[PDB]
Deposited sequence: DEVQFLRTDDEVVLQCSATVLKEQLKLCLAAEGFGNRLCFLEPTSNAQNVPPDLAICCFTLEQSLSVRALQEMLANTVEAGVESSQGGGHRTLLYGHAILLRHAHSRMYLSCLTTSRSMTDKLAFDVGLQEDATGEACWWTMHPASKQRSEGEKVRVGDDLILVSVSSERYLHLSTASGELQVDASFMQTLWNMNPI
């Protein structure tokens, strides 16, 4: 089974905190910066819909003016609860915060998918994914510094899983 557009998904990554394996998933509220909640958790605040998936040139064309996800394509993720969009924020080190945006205007809310180790191939459900910001060219990153499990956009890469 392959990932398709208009699919409700949860973005999940792995972490080794205190010699113990953790399964964390991306969450956000309405009133906003994103956070990571360990699985055992209210899915409503974790649900993202794959609104769009366009190639590099198609996105550049749109910016200048059932579908299957492929590697290289840029995706648009809509927070199901607040109807807002996952974007790379201007606020923060040279890393950037990741929160919610109120519109699909600009590059910030666009992320490109890249494979771990195996372009143009279909993105399978339950796969290792490299998500890259279009506006800042930074990877969606798990930071576990100072005991805070925060999500940001930096030059360090974190593998993500997208499951419906």
Please report every deposited-sequence interval that has no C-alpha in the structure, sorted by position.
1 to 3, 35 to 36, 46 to 51, 77 to 89, 117 to 121, 148 to 150, 197
